[PDB]
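Analysis of the macromolecular model
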Amino acid sequence: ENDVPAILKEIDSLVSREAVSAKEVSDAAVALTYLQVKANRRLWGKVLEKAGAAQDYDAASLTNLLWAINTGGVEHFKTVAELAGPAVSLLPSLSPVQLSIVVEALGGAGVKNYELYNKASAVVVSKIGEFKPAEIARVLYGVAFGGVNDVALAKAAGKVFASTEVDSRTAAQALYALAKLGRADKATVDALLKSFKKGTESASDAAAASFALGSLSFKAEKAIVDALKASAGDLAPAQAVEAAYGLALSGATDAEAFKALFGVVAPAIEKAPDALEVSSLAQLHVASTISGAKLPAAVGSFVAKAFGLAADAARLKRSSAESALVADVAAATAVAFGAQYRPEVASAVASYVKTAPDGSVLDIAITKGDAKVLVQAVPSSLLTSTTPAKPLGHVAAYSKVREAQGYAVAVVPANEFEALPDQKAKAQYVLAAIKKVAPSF
Amino acid sequence: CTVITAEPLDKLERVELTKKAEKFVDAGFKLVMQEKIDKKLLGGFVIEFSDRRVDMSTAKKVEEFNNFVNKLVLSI
Amino acid sequence: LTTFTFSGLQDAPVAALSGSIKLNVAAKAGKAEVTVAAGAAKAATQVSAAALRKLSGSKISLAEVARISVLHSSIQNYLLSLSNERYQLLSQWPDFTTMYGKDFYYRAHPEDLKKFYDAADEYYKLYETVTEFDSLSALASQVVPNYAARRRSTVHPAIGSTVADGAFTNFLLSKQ
Amino acid sequence: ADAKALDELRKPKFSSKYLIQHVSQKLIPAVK
Amino acid sequence: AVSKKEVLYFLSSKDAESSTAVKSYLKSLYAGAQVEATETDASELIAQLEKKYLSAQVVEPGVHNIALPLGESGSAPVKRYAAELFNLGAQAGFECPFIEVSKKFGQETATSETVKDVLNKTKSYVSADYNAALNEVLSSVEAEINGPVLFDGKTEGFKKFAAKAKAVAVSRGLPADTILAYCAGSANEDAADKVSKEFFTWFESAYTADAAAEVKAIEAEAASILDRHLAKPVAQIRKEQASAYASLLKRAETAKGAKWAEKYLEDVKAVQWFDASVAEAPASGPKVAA
Amino acid sequence: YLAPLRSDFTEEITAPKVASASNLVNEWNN
């Protein structure tokens, strides 16, 4: 009358037969999330195989299937990305809540389907009154994570979230979408952070708001760090790492929250050292040195190595317009420290590529006795997507982690470095940026 | 002599190019130059001794590099 | 998928869609009353709001276990679905065995009967070779290397002629 | 015996990755 | 298994043996080992050659995990296939395909003077049906201008050449205005992004057309190969395939000491294991450890 | 089931050379 594994075998035999249509797949997936069956990977594989095999599709079964895929936290890019054709065929016959669920669902998996996001953003900005603001935040999440830099829907969401007072989780999802988009509209972000006072039913959305405000660098809200402090048990290590990183980037001062987060994070690396990817380990080292909070002795040297690994791996896969910009800034450092001709320009630039204490390699490393000045070029991938174009919080993270190694990191962003006439003004700008960081040079 | 450079020279490019070029005259030989410009050289230089040519340009270096690596991967 | 997801107990499915399994949620503002009903065994629990948000904390991250690879298995599935198309037209072949009897032997011209027996032997050849499905794997291994060498491009694995022509349109119609 | 692993089974088999690695290991020192 | 520049490329990849070597290296670093210093040497030619031969080790085992959408009608299988090739290029350290082939054009013709020479140098990267349509426009404006059309940007021959190359590109189906508006940029984000949303509709049209052309050629090759194979008797097929298997296996047992040959023979043993574990439980699949 | 391992790159960008239709369906109908 209440039995979990026998109903798992009933769903298992219901999905293993040959002619399963889509409604049986959808409710098998929903019934597989509601029983929380992350322990069985083969059953989710059978359900996703039958979801890829189905050809009939209406609004309801597609919507509940996509809801179940994202609530259960399963990821298979093939069967989810092949569910977007059923979406674009059924898109005008979708309800606004159904379009919300499918666009958030296909955006969360990262489906690069530009026709779906264009024809969904056109729908949600053609009839904006139809959409309750949670539907707005879900479509914003999906269009942001699907790889379109859509600011039309971002401006429409800013108007809705400034006009309509919204939920805590709704505002958190909108903050996560705006953080991936890199937009930092204070008129929108303020209207979202004012919604974090009614008490939050989840901890993952407070952690996502902390990571979002860290990525945008507004400041720590103090109505988010306390909710994250009390409820640091609802987070995976890969989630508490993002939480602590976004707390340290926004400039939080509470150490009790960092104790509560690293008490989750550090025994996960004690049990399994390799289970967390090196982007999370680098974010952990950032959060461990910026706020100064302490974590065990193996984990400290581990993330100290892993920040260097992730740093020179991101250097190795450099975007090739960041690389020419780093060459331009290094030539400007050459003719700013005094190098009249091109042989000593090239000799200075090749001299500036000294290594790092963590094993990495730094592009423009100028040392004078004990005082060292590192120069950073922040091209456009680490800028805000607006016409002010303030650099994102990750370059402040990199600067503040290199600063604990002995450097006085000078930031040379490319929105203004490229707006200079020639090499003399660029050398003047680089020297002025160095002097207001370290005037001892 | 005659030197062809990609862009017009600096006065240290001229001096160390002059010091580079005395390895191709094996005596106490002075060089006068007739410096020309060819943008299809991508840096480096081409020395023309009117009986002898030294190609220290980098267009020659990248095409010889490409010949080397396109030959060596056929060897393995 | 992403590290933070925002679904669970809000605009969730209120009922199942097919009658093969019955599922109802009686959701209040705080928790949910779910009774999943599948045939002989039915189960029931009270799923929290902090459980459907805690479910995507770890990811399943499904991946296919293949005999050789997933590319090879896609090519072999295409070869099998083409051998089905040839088998379906060896399925509509007329029964020549209903004309083997000696009343058909002696009424017929000798060369036409020799042609008829050769046609029967020919069908047995075609049917014996279209059902050699243990050959499709080594047939799929002949499409793999040339395709996989076309995807080791010096530009991009996903580059093609339309994107390269559009980028030449941008490049040539810009200021040199 | 049987039931090998999960990550040992997800790897594609007859991709090269070790002729490319062999050509790198015989080419990059020979061109340095 | 790790050479400290291989493992930096394999961090961002999600392939199985790449993540296995990454996890083994990270697990050895957790037991107190030291990160080797990254080499600040191997100048631009060696750096680009090592990039070419390190990205290929992420590309080509990642190609074999992308199912070709053969015999699949619709937009979503081809969009899945091209999206997986996009994510594989991003994992391997490539840029967008547009940015990467435009970088190829800028690298090839950094040294050219006349526009017929940029057509002779980007011959390998543009379709010959487009290269011929540009060569005839170049000869058409070369008859009237009576000069080699130089690659300048403001010369009257170049302006009246580009005003016709835009016409032939509009004839081809390439909207040159939206592509130029995206790759040039605009000031107001609400009028730059409304043309980026048109560039991305063209771009999605472009890469699904290219992926569908690749799928159509693989479909045609597999159908041609099968219909050449279905005309043989069964004994010829069996002896031809057995001879090909035995020769390719003897080629791997000939060269020993190499890593690729022992990985090849390990993979043959793994296929034999797959057949054995399907043989012991055929209605459930291969035995996966759980 | 195994294929020859190749290590070579595609330096050109070419349309993928679609193959001509076989006559095997027409010959089997014949």
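Criteria and thresholds
Residues numbered from 1 in each chain as written, not as in the entry; some residues may be left out. Chains lettered and ligands numbered in written order. Part of a larger assembly, values for the part shown. Heavy atoms only, no water. Helix = DSSP H or I, 4+ residues; strand = E, 2+ residues; numbered from the N terminus. Buried < 20%, exposed > 50% of the residue type's maximum accessible area, 1.4 Å probe, protein only. Areas by Shrake-Rupley, 256 points an atom, 1.4 Å probe, with all protein chains shown as cover. Pairing = 2+ DSSP bridges. Axes fitted to C-alpha atoms, helices over the stretch in contact; angles between N-to-C directions. Contact = heavy atoms within 4.5 Å. 1 Å grid on protein atoms, 1.4 Å probe; cavity = no way out; pocket = protein on both sides within 12 Å on 5 of 7 lines; lining within 4 Å. Points joined across faces, edges and corners; volume = space filled by probe spheres on them. Nonpolar A, V, L, I, M, F, W, Y, C, P; charged D, E, K, R; others polar. Buried area = accessible area lost by both parts, 1.4 Å probe. Salt bridge = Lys/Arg side-chain N within 4 Å of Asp/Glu carboxyl O. Polar contact = N/O pair within 3.5 Å; in protein donor to acceptor, adjacent residues only side chain to side chain. Parallel < 35°, antiparallel > 145°, perpendicular 65-115°, else oblique. Left-handed = near helix turned anticlockwise from the far one by under 90°. Patch = residues over 30% accessible without salt bridge, like charges linked within 9 Å, V, L, I, M, F, W, Y side chains within 5 Å. Core = buried A, V, L, I, M, F, W, Y, C linked by side-chain atoms within 4.5 Å. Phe/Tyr/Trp six-rings, centres within 6.5 Å; stacked < 30°, edge-to-face > 60°.

Method of determination, as given in the entry header: cryo-EM; reported resolution: 3.2 Å.

Another aspect to go through is the overall build of chain D. Of the regular secondary structure elements, chain D holds one helix and zero strands. If one aligns the C-alpha atoms of chain D with their principal axes, the spans along those axes are about 45 × 15 × 15 Å. Counting across all 32 residues of chain D, residues that qualify as buried make up 59%. If you sum the accessible surface of chain D, you get close to 1400 Å²; carbon and sulfur atoms cover 47% of it.

The helix and strand tally for chain F stands at one helix and zero strands. With the C-alpha coordinates aligned to their principal axes, the bounding extent of chain F is approximately 45 × 30 × 5 Å. Counting the 30 residues in chain F, one finds 33% classified as buried.

With respect to topology, three strands assemble into an open sheet ordered β1-β2-β3 (chain C), the strand pairing being antiparallel. The open sheet is flanked by β1 (22-27) and β3 (41-47) of chain C, the only strands paired with a single partner. Neighbouring strand axes in the sheet, compared pairwise and without regard to direction, differ in orientation by 10 degrees on average. Pairing of strand β2 (residues 32-38) of chain C with β3(C), which is carried by seven bridges, proceeds in the antiparallel orientation. Residue pairing across strands places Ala38(C) opposite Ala41(C), the latter belonging to β3(C). Sitting on the sheet, helix α1 (residues 4-15) of chain A is in contact with β2 and β3 of chain C, with an inclination near 115 degrees to β3(C).

Looking now at empty space enclosed by the protein. This model, assessed by the stated rule, comprises nine cavities of 30 Å³ or more. What the largest cavity holds in volume is close to 90 Å³. Taken together, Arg150(C), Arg151(C), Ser153(C), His156(C), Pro157(C), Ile159(C), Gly160(C), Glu214(E), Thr10(F), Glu12(F), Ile13(F) and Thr14(F) make up the lining of the largest cavity. Looking at the lining of the largest cavity, its residues break down into three nonpolar, five polar and four charged. Considering only enclosed or pocket space, the second largest cavity measures out at about 80 Å³ in volume. As for the second largest cavity, its lining consists of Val144(C), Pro145(C), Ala148(C), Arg152(C), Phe14(D), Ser16(D), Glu60(E), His64(E), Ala3(F), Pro4(F), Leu5(F) and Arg6(F). Broken down by element, the lining of the second largest cavity gets its largest block of residues, three residues, from helix α6 (residues 144-150) of chain C. Residue composition of the lining of the second largest cavity, by class: seven nonpolar, two polar and three charged.

Moving on, we come to unusual backbone geometry. Unlike most non-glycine residues, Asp11(C) shows phi in positive territory, near 55 degrees. Relative to the helices and strands, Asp11(C) resides in the segment before β1.

Residues and elements named next belong to chain A. The three strands lie next to each other as β1-β2-β3, forming an open sheet whose pairing is mixed. With one partner strand each, in any of the chains shown, β1 (364-368) and β3 (410-413) form the two edges of the open sheet. Within the sheet, the average angular offset between the axes of one strand and its neighbour, ignoring direction, is 20 degrees. The pairing of β1 with strand β2 (residues 371-378) spans five bridges and is antiparallel. The residue of β2 that forms the bridge with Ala-365 is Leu-374. Contacting β1, β2 and β3, helix α19 (residues 322-334) crosses the sheet at an angle of about 140 degrees to β2. Contacts from helix α23 (residues 423-435) reach β1, β2 and β3 within the one sheet, and its direction differs from that of β3 by about 145 degrees.

This part covers the interface of chain E and chain C. Contact residues are listed per partner, giving 78 residues for chain E and 56 residues for chain C. Buried surface at the junction of chain E and chain C, summed over both partners, amounts to about 5900 Å²; 70% is from carbon and sulfur atoms. Applying the counting rule to chain E against chain C returns six salt bridges. Here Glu60(E) ties to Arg152(C) by a salt bridge, and the two come within 3.7 Å at their closest N and O atoms. One can count 18 residue pairs in polar contact joining chain E with chain C.

With that out of the way, let us pick up the packing of helix α4 (residues 59-72) of chain A against helix α7 (residues 96-108) of chain A. Residues and elements named next belong to chain A. Following both chains from N to C, one finds α4 and α7 inclined at 40 degrees, their axes separated by 9 Å at the closest point. Taken together, the axis directions place α4 and α7 in an arrangement best described as oblique. Where α4 crosses over α7, the two elements pack in a sense that is left-handed. Counted together, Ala-59, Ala-60, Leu-62, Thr-63, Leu-66, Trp-67 and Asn-70 of α4 and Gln-98, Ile-101, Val-102, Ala-105 and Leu-106 of α7 form the full contact between these two elements.

All names here are of chain A. Relative orientation of the contacting elements helix α8 (residues 114-126) and helix α9 (residues 133-145) amounts to 155 degrees, with a least axis distance of 11 Å. Between α8 and α9, the angle falls in the class roughly antiparallel. α9 is crossed by α8, and the crossing has left-handed handedness. Contact residues: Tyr-117, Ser-121 and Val-124 in α8; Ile-136, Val-139, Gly-142 and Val-143 in α9. Across the contact of α8 with α9, the residue classes break down as five nonpolar, two polar and no charged.

Facing six residues of chain B, the contacting portion of chain D comprises six residues. When the two sides are added together, the surface that chain B and chain D hide from each other amounts to roughly 490 Å², 92% of it contributed by carbon and sulfur. Of all residues in chain B, the largest losses of buried area upon contact with chain D belong to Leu72(B), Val73(B) and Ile76(B), amounting jointly to 67% of the total for that side. For the pair chain B and chain D, the interface holds zero residue pairs in polar contact. Tallied by class, the residues present in the side of chain B that touches chain D amount to six nonpolar, no polar and no charged.

We now examine the arrangement of the chains. For the twelve pairs of chains in contact, the largest share of contacts goes to chains C and E. Where chain B comes nearest to chain C, the C-alpha atoms are still 13 Å apart, and the two do not contact one another.

It is worth spelling out a nonpolar patch on the surface at this point. Residues and elements named next belong to chain C. A cluster of nonpolar side chains, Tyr-100, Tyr-105, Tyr-106, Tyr-117 and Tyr-124, forms an exposed patch at the surface whose accessible area comes to about 530 Å². You can see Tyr-100 is positioned in the loop between α2 (70-87) and α3 (102-105). The class of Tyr-100 is partly exposed, set by a relative accessible area of 31%.

This next bit is on the nonpolar core. With 259 residues, the main nonpolar core has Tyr34(A), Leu281(A) and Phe203(E) as its most contacted residues. With 13 residues, the single largest contributor to this core is helix α10 (residues 189-229) of chain E. The contacts of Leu281(A), once residues within four sequence positions are left out, are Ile269(A), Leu276(A), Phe302(A), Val303(A), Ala306(A) and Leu26(E). Core analysis: the next-biggest nonpolar cluster, separate from the first, contains 28 residues, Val375(A), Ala410(A), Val412(A) and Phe417(A) among them.

Here the focus is the environment of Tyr407(A). All names here are of chain A. Tracing the sequence through the fold places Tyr-407 in the loop between α21 (393-402) and β3. On the basis of relative accessibility, which here comes to 7%, the residue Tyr-407 falls in the buried class. Counting along the chain gives 33 residues from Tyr-407 to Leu-374, while the straight-line C-alpha distance between them is 5.8 Å. With sequence-adjacent residues up to four places away left out, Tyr-407 is seen in contact with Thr-355, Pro-357, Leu-362, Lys-372, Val-373, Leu-374 and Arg-402.

Structurally, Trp28(F) is set in helix α1 (residues 24-29). On the basis of relative accessible area, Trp28(F) is assigned to the buried category, the value being 7%. For the pair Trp28(F) and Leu2(F), spaced 26 residues apart in the sequence, the C-alpha separation amounts to 30 Å. Leave out the neighbours within four places in its chain, and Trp28(F) touches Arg86(C), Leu89(C), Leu90(C), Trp93(C), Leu126(C), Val130(C) and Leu230(E).

Before going further, it helps to spend a moment on the packing of aromatic side chains. Counted by the stated rule, this structure contains 50 aromatic pairs over all chains. Residues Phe168(C) and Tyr130(E) carry aromatic rings whose centres are separated by 6.4 Å and whose planes lie at 80 degrees to one another, so their mutual orientation is edge-to-face. Of this pair, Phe168(C) sits in helix α7 (residues 161-172) while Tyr130(E) sits in helix α7 (residues 128-145), each in a different chain. The residues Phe168(C) and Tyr130(E) share a single accessibility class, namely buried. Each residue in the set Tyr114(A), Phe86(E), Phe98(E), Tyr182(E), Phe199(E), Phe200(E), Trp202(E), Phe203(E) and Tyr207(E) is aromatic and connected to the rest through ring pairs, giving one cluster.

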